[PDB]
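# Observations on chain architecture
Here is what each chain is made of, one letter per residue.
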Amino acid sequence: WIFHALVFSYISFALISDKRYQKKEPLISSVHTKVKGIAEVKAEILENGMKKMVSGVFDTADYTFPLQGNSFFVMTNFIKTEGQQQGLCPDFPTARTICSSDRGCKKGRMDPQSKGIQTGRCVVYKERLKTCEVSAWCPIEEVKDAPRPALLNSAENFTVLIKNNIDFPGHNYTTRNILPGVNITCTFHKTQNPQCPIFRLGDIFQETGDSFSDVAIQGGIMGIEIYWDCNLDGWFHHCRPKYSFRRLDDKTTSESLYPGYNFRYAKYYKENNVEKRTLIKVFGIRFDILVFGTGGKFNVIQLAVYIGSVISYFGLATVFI
Amino acid sequence: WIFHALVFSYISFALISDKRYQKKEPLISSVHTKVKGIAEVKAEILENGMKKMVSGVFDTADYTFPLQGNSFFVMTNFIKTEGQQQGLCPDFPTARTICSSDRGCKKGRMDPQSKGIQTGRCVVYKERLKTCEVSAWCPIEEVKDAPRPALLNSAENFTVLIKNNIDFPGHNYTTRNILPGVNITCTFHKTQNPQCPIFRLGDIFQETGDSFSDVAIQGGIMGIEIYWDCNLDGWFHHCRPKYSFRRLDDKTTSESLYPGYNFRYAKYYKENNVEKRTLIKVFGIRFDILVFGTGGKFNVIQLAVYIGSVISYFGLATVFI
Amino acid sequence: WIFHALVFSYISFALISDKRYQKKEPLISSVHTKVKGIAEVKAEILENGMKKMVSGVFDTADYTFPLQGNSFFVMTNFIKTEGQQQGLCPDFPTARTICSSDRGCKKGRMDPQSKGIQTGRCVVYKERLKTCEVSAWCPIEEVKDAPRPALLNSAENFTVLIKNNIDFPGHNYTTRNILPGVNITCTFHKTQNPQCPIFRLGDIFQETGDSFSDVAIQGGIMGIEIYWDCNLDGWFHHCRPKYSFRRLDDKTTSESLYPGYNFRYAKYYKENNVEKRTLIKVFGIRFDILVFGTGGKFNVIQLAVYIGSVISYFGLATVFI
Ligand SMILES: O=C(NCC1(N2CCN(c3ccccc3)CC2)CCOCC1)c1cccnc1Sc1ccccc1
Ligand SMILES: O=C(NCC1(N2CCN(c3ccccc3)CC2)CCOCC1)c1cccnc1Sc1ccccc1
Ligand SMILES: O=C(NCC1(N2CCN(c3ccccc3)CC2)CCOCC1)c1cccnc1Sc1ccccc1
Ligand SMILES: *[C@@H]1O[C@H](CO)[C@@H](O[C@@H]2O[C@H](CO)[C@@H](O)[C@H](O)[C@H]2NC(C)=O)[C@H](O)[C@H]1NC(C)=O
Ligand SMILES: *[C@@H]1O[C@H](CO)[C@@H](O[C@@H]2O[C@H](CO)[C@@H](O)[C@H](O)[C@H]2NC(C)=O)[C@H](O)[C@H]1NC(C)=O
Ligand SMILES: *[C@@H]1O[C@H](CO)[C@@H](O[C@@H]2O[C@H](CO)[C@@H](O)[C@H](O)[C@H]2NC(C)=O)[C@H](O)[C@H]1NC(C)=O
Ligand SMILES: *[C@@H]1O[C@H](CO)[C@@H](O)[C@H](O)[C@H]1NC(C)=O
Ligand SMILES: *[C@@H]1O[C@H](CO)[C@@H](O)[C@H](O)[C@H]1NC(C)=O
Ligand SMILES: *[C@@H]1O[C@H](CO)[C@@H](O)[C@H](O)[C@H]1NC(C)=O
Ligand SMILES: *[C@@H]1O[C@H](CO)[C@@H](O)[C@H](O)[C@H]1NC(C)=O
Ligand SMILES: *[C@@H]1O[C@H](CO)[C@@H](O)[C@H](O)[C@H]1NC(C)=O
Ligand SMILES: *[C@@H]1O[C@H](CO)[C@@H](O)[C@H](O)[C@H]1NC(C)=O
């Protein structure tokens, strides 16, 4: 009766809306990014208790790294420990490193917080303050915070140009993030330019509602999501990206869980016939470009199997009344 | 009647062909590549208007980068700007950089095309030609094209050895790209050696129909696809790779969309007690190894559910006549 | 009759166990690792036939590389060829390089085993032993084995801290590897600490049953699997990682298939106004963090379609008797 027409209607609807006539294949993604922008570093940092003038112009080669694994990194802050060489030196004053006597130092001791192996001697670091002498790259990098305003704070004004190429192998269909002939000069805006592949980093942090400066002080991990909802039927054809932004780092703020994003980068060189090293603690934001999607095209066997689930609601819907 | 036997036959066929008795799980891929080959660079390049002799032998450490994220890079061309140091200098003559007077330069101006921050002064670059003086790594890298024949043109003769390891966790089945005891000495050929994991790069560009030289001049992004169609039933067992090749870069040829593949690599050093930098614009092909596949093994619940869609064509096929 | 209740029971069971009422979406993973530990290298290596003292303290910046593509590398051994410069030199004595006369050397010949291009001359390498003179980075790196105990053998005591963030976009559900407030100080143990994100590398090799020392001599590729079985219904809620460990390298032990894991890292520098290079053959373990999983939440259309397969066993189960 009428309930049968409503069962046919709701069933065929669930078919249409849920695209069950379609077979759905996962996508294959390739990413290629070009980061643009420079930054001028004028700041006053404190090195070893003394004030020091940090200046210099930073371009692409000085703060970024080519995209490896659908992700790129933009340095936003740094601490620089210059002139290190293999030797013996008192470890940096810390609750774990301070020693009253040689009894507080055990030869061969290693500590997660330290970067050296103890010799077993208690030596003076400054004045009457004593720390356990270690063998390491000397002098030891100080335990301090990253610069109070991030040295490369201007990075929010930088631009990332993203090129995404997706392919569905089963359906033999290839398409790319940028269709031909589009006006490339634009900034991505949620509404004004939803297809602009040019992203201002500050814009991204506003979309996720995080402040770029705060994250820039100690680093973070941001996420650029490129969603691909795709239809390959022709009766309704659509297959373009949807750009969303999600902040990926944990924001723990606990010294035990290593917050932010940073890494220790070495620059080796020789000086006065001695092996030497300039260690730079590098702070910045890692952007992770996550491309996910599904491509649909009608399958007879799928539409069949669905019908086979559906005739049982024809008959069973008849048996209900 | 006969239509019922044809419905059972077409249904059970769709089962067999579409492997619907089988549950299908996605694969997990690990890649490990070893690139072999060297190249001799004898060429004459033009630096700052003057001819210069570019020579040298390039081995693995000089042109490639270990595989990060199922992809490896092979440099094929380069422009080298040596001796840069932080300072002030006239920007390179360009439609956007040429100034008639100090009125064309605004102090603090930054430009996507430039690598510096303007001081607000109009200075001479050469002769009577004036550009806006900038603060940057000086001298500025010239605006020129990459060498006319690619300096590392020999890269087409290089070899990539690919090692792929796939695992299906649900089915607890692990297999690798190279089965034991195979004659490793071979070049992959579509027909003569379809299982050779040794790929000549030129061969790859011929398969995709792109010329290796052209792409090598300004760089590109190529794609090595490893398809895994796999059957874990035993009645029919097959699970080997299918190597296909697809060119991934967009081939735009528009100065606004940054064509090819290149990146700006810095080499820092100290000289005459001055912080100095040799900037190399690096051109090459990025190879993206895309491993996709599906592993099938018969599922009772799946075969069931399919039968449950199928009995409705038994009965409904009876009701049709 | 009773067989109908057993068909309803086995069917509804297959529903419950196989979670067919649930729609299942694949996960999105982001990884962030921090490696901790240092190593002291005291060893005696043989360079060019003469004994040499290898010593030095190695920290994070000296042996690891930030996580690129859900994978990180820990160097465990190395051979160091210092002072190389572009020139001519006899290739290293090898079955393929040894020449009786200039007839054994062809000008322009390149060989997979060699790192140079032959000049076509047969010269003395040592004493009366002759090899084919090549143009390359000179002197050529010796053909030898990696140090007999791995120089960075202590790497098994190192620690990897893994931070995984997964997201299901369709279900709008985000969760991370580390829930808040957990006691971070711990070592992952299969039973004692199944949720500890802190992994000792030696522990990992014991779990996979490989010896860390052996692999550390010539390198390897290990696999850290993070499985995510997840339920988003609330009636039964569970969504945590399962850490498993699988050794990914092929363990071929054949000189033709490049066993282990190693790469040739160049350190360029200038000396006596000559372009020079220190080549280091780097041996270590690459860890591949493989995050896979599935998130389930009940779907009306799915539960429907299943019922539609099921009523045909109601009726067909009736027709069987
Ligand atoms: O040197 C500095 N940064 C260089 C970094 N590079 C990037 C490019 N890498 C790279 C490597 C291989 C292939 C391709 C690319 C290398 C490493 C370091 C890691 O983080 C990103 C940038 C640095 C930091 C802090 C203050 N200064 C300066 S250099 C400087 C000196 C004087 C004036 C201005 C800048
Ligand atoms: O130096 C040159 N190329 C080195 C590259 N490397 C690769 C290896 N990287 C790497 C880094 C970390 C871990 C593991 C690996 C570093 C960067 C640069 C980026 O592109 C690939 C090669 C270079 C370019 C243009 C003319 N010359 C020369 S060097 C030279 C000088 C004189 C004679 C012959 C070669
Ligand atoms: O130099 C040595 N190792 C440095 C490695 N780095 C890591 C960090 N990379 C990196 C690059 C860009 C961004 C971020 C990071 C660079 C390359 C080399 C590749 O393998 C990992 C470590 C090395 C090897 C063998 C003996 N010695 C020494 S240095 C030394 C000298 C004297 C005393 C102690 C150590
Ligand atoms: C990013 O760029 C904007 C625009 O150039 C900067 O904002 C300008 O700042 C200057 C002085 O710093 C002011 O005179 C302008 O009025 C500002 N313009 C706008 C539109 O706000 C901003 O400071 C830059 N960000 C960083 C971190 O340097
Ligand atoms: C790649 O290698 C081939 C083979 O060695 C090169 O082709 C040879 O070139 C030499 C002179 O350049 C000729 O004498 C040979 O007859 C050629 N052999 C063949 C089979 O063609 C080729 O030039 C190399 N490619 C590049 C870019 O250097
Ligand atoms: C990893 O660390 C352990 C613990 O410090 C080392 O084992 C100790 O070795 C010292 C001397 O080498 C002995 O005196 C201790 O009794 C050992 N302790 C234990 C618990 O075994 C081990 O040698 C380190 N591994 C490497 C490769 O250096
Ligand atoms: C995919 O479709 C295009 C359409 O022209 C065709 O040229 C190409 O050969 C197809 N791919 C395969 C593998 O058949
Ligand atoms: C692109 O759009 C901008 C406005 O946002 C406009 O100024 C510019 O001229 C356009 N480019 C072209 C080539 O039309
Ligand atoms: C996978 O199968 C092998 C076959 O011998 C078995 O040894 C191994 O334990 C299985 N894996 C698991 C997790 O049970
Ligand atoms: C591998 O095949 C080649 C021919 O392509 C042959 O010359 C070589 O001897 C073979 N290797 C072995 C070990 O049989
Ligand atoms: C996901 O759920 C949270 C729950 O509060 C909500 O705030 C958020 O807006 C949801 N995401 C979307 C895209 O609606
Ligand atoms: C964490 O557990 C260890 C024992 O494994 C204990 O010594 C330590 O005090 C605990 N930390 C906290 C904060 O409770």
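Residue labels reflect position in each chain's written sequence, counted from 1, rather than necessarily the entry's numbering. Residues lacking coordinates are not shown. Labels are handed out in written order, letters beginning with A for the chains and numbers beginning with 1 for the ligands. Calculation of side-chain values draws on the structure's entire complement of heavy atoms; hydrogens and water are dropped beforehand. Residues with missing side-chain atoms are left out of burial classes, side-chain pairs and their counts.

Method of structure determination, per the deposited record: X-ray crystallography was used for this entry, reaching 3.2010 Å resolution.

Each PDB entry has a title, and for this one the record gives "Crystal structure of the ATP-gated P2X7 ion channel bound to allosteric antagonist JNJ47965567". UniProt positions are given in the numbering used here, feature names are shortened, and annotations may be inferred rather than shown by experiment. If you open the UniProt record of chain A and go to Subcellular location (unreviewed entry), you find "Cell membrane".

Here we take up the side chain of C:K281. All names here are of chain C. Positionally, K281 belongs in strand β15 (residues 274-298). Whenever two N or O atoms come within 3.5 Å, that pair is a polar contact, provided that in protein one can donate a hydrogen and the other can accept it, and provided that, for residues adjacent in sequence, both atoms are side-chain atoms. Among the polar contacts listed, one links the side chain of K281 to the side chain of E141, at a separation of 2.7 Å. Residue contacts follow a heavy-atom distance rule, with two residues in contact if any of their heavy atoms lie within 4.5 Å. With residues up to four places along the chain from it excluded, the contact list for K281 reads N77, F78, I79, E141, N262, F263 and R264. Labels follow the DSSP assignment, with helices taken as runs of H or I lasting at least four residues and strands as runs of E lasting at least two, numbered in each case from the N terminus.

In many reports, interface size means the accessible area that the parts give up when they come together. All names here are of chain A. For the purposes of this description, domain bounds are those given by an automatic or database domain assignment. Here the domain parsing of chain A yields domain 1 (1-22 + 298-321) and domain 2 (23-297). The C-alpha centroid of domain 2 is placed 52 Å from the C-alpha centroid of domain 1. If you look at the interface, domain 1 gives five residues, while domain 2 gives seven residues. Residues are grouped as follows: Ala, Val, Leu, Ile, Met, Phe, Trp, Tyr, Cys and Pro are nonpolar; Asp, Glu, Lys and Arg are charged; all remaining types, including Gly, are polar. Class assignment for the residues of the side of domain 1 that touches domain 2 results in two nonpolar, three polar and no charged.

Okay, the relation of the copies chain A and chain C next. Alignment of the copies rests on a least-squares superposition of C-alpha atoms. Each copy of the sequence occupies a distinct position, and chain A is placed on chain C by a rotation of 120° and an axial shift of 0.0 Å, giving an RMSD of 0.0 Å. As the rotation angle and translation indicate, the two copies are arranged about a three-fold axis. Judged by C-alpha distance, A:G69 is the residue of chain A that lies nearest the rotation axis, at 2.4 Å. Mapped onto chain C, only 14% of the interface residues of chain A again fall at the interface, so the copies present different surfaces.

We now examine the interface of chain A and chain C. Each partner contributes residues to the interface: chain A has 43 residues there, and chain C has 39 residues. Where the side of chain A that touches chain C is concerned, the elements lending two or more residues are α1 (2-17), β6 (71-90), β8 (129-138), β12 (220-232), β14 (262-271), β15 (274-298) and α5 (300-320) of chain A. With six residues, the single largest contributor to the side of chain A that touches chain C is β15(A). Split by residue class, the side of chain A that touches chain C holds 20 nonpolar, twelve polar and eleven charged.

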